[PDB]
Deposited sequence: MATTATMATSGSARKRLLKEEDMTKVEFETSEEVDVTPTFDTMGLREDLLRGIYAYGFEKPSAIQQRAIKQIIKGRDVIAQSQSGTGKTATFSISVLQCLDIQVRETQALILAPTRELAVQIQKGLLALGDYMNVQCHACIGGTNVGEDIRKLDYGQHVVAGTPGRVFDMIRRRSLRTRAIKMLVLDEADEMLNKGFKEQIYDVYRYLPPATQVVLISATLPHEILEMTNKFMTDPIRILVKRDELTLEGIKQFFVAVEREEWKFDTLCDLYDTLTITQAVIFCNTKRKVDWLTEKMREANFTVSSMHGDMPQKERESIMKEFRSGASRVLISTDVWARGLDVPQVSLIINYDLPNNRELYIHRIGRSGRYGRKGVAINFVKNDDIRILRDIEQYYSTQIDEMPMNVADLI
């Protein structure tokens, strides 16, 4: 299935950390991370780790094998004060076997950190659990019931707890552990950070996040959906093709633009407009269908990096460009279905945006076609558009 292809979105804008060395991890942890075999962080990791370690409450959701276990294991270790011989993080899991598996993972990644971690066994080993907890373990993991018993017994001191991880939360709920989980949370310190990991988002989980969390970051599998909702769409009656470039230039003399994306219908127009803007001293990346997907992705990297402030493209892609201030449809697409793919919001958390359509009288009908087809509204651009960004 290649779980590396799984895409995520976040409920607010976040720093996307492409490498483990750009996450701001302590060095002895990084040593453990690389020593384990990690090279490149997964998509969930490039988003969730930074947010957890900086202290945010986090809900992370996706099917198995996207890197969720490493995500909370690494984050828990990062936040440990090894010099404090008291439990600082609690990890609840649906089974004892998974708790043990989690412990071993933590010990491996934390091997250069002198971390102490214990998975509560129970059974004929409850006495042994108690001994270890009394000694002091930085991290303790186990089922909600077992962990709750140790807290209630006072074997697991809670005063230094700063973190609570709910691993496979939906599964714990399915096993009937809801009460125990609320019971655990009720005995923890007021400012405790909570991280919830779950493949699914049923109501009990969302209510749980509402009760356990404060301004949580939601990091979820991206919804495969596009909409024009939230996109401010305008048109400018340019009347003639030959009037397009002057108008584009005037927009740049009147608007505040970080980066912009400009669509044209043809490779020919893209090549032409690129030459024209460059000659006008714009920094431009250009993209079209004649180039392999690898080139297009590399050029997108260059543009995202800020090497150019204008990206000019045919229909080859929605876009993900957080620094893009505006999308300009220099050409209106002959086909109506390409319109939303140019300017649409993808996912439930897709960025709001602004689109400016250049419309020739020649295109008067195609513009109207678009409006009808998506049942949307595209206003004539007002002079004070700069105020509306």
Original post:
Where does the model have holes with respect to the deposited sequence?
Top reply: 1-20, 338-339
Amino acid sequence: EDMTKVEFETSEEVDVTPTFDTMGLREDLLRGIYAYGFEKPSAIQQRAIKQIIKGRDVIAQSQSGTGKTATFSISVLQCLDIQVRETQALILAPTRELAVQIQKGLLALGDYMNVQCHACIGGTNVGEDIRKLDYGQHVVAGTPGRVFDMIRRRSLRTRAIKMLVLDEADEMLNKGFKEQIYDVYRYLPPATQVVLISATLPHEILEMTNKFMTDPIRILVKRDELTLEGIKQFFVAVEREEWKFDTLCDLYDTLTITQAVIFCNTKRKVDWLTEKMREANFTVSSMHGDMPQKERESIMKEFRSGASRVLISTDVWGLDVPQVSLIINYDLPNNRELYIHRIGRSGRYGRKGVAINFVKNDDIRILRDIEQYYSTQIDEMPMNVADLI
From here on, numbers count along this sequence of modelled residues.
Subject >> Average Cα temperature factor in the PDB entry - higher stretch of 376-384, 21-29 >> reply: 376-384
**OP:** Would you tell me which stretch averages the higher CA B-factor in the PDB entry, 255-263 or 122-130?
**Re:** 122-130
Subject >> Member of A99, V147, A191, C249 with the greatest C-alpha B factor (per the PDB record) >> reply: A191
Original post:
If you compare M208, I312, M172, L80, which has the highest Cα B-factor in the entry?
Top reply: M208
Subject >> Modelled-residue ranking by C-alpha temperature factor, third containing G230 >> reply: highest
Original post:
Among the modelled residues of its chain, does the C-alpha B-factor of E39 lie in the lowest, middle or highest third?
Top reply: middle
Subject >> Chain-wide C-alpha B factor ranking for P322, given as lowest, middle or highest third >> reply: highest
Original post:
Based on the entry's values, in what third of the chain does the Cα temperature factor of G142 lie: lowest, middle or highest?
Top reply: lowest
**OP:** Just say lowest, middle or highest third for the CA B-factor of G105 relative to the other modelled residues in its chain.
**Re:** lowest
